[PDB]
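Quick setup: one chain, the form deposited in one PDB entry, written in structure tokens, and binding and motion questions come after.
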């Protein structure tokens, strides 16, 4: 198992990213270097290190002079003061947001103009940044550096290994306020909550009924068209969705999966066993 896969071939310290490792390996390469206490990262100025340490210490020295709210970073206080009057404001020409200086207004407005300079060598797609392109390389690489300490299962993101380990331990800390069913991660709870909202953004143009997912709209449209693109290799049957084919194929394998006490009848589905449980109640 490895929640931090990027290990130093010089000291063995563990880091969750190549970038973080890269800025630790200053300790052993750079002559003029400044290392942090517990996290073991290095910086090329005391200014920088001391700034970084406020992450551990929780100090917030940059204090607003008229409302008094402290902040961790000059970055942050600078954005805050846009809220009071008498601040140099960089309003977005298009949307409604506002930025403290010009370099970040420019970076935002890359989201309108669609500029994506770092072009992927393989699919030719583009990204707002080098580290994003690095992220997208998961698609061509199929690597899984994050590894479960219980089963050694592989994951592309430490996020996902986290949710998996929560699954192992049965830790579902996201509860649906209305229903009560819990969830290992935040996306699962989000898609569920869509059932209470009635947030069904995909609408059948023909019929009118609305769905949660794009795939359901597809399967509905084909269920009006009659197109069943999923064929059995053995018996030649048709299906609209792959799950119905996969569940079908268990008829071809001898299964006899479930059974009932004192008569032993075998049913391919679990719910069938209930229907037969009604017989002798």
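Residue numbers count along the first chain shown, from 1. Definition used throughout: the rigid core is the maximal C-alpha set that superposes within 1.5 Å between two forms.
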Which wins on mean Cα temperature factor, 74-82 or 144-152?
144-152
Mean CA B-factor: is it higher for 128-136 or for 104-112?
104-112
Looking at 89, 121, 164, 118, which has the biggest Cα B factor in the entry?
121
Out of 59, 38, 216, 244, which shows the largest CA B-factor listed in the entry?
38
Is the Cα B-factor recorded for residue 20 in the lowest, middle or highest third of its chain?
middle
Considering only modelled residues of the same chain, in which third does the CA B-factor of residue 235 rank: lowest, middle or highest?
highest
Against its chain's modelled residues, does residue 251's Cα B factor rank lowest, middle or highest third?
highest
If you rank every modelled residue in this chain by C-alpha B factor, which third holds residue 158: lowest, middle or highest?
lowest
Taking the entry's C-alpha B-factors for this chain, is residue 222 in the lowest, middle or highest third?
highest
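Quick note: we don't show the form deposited in another entry, though the next part is all about it.
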Taking the rigid core as the reference frame, tell me whether residue 123 has a CA displacement of 2 angstroms or more between the shown form and the other one.
no
With a threshold of 2 Å on the C-alpha, tell me if residue 132 counts as moved between the shown form and the other one once the core is superposed.
no
Relative to the superposed rigid core, does the CA atom of residue 224 travel 2 Å or more between the shown form and the other one?
yes
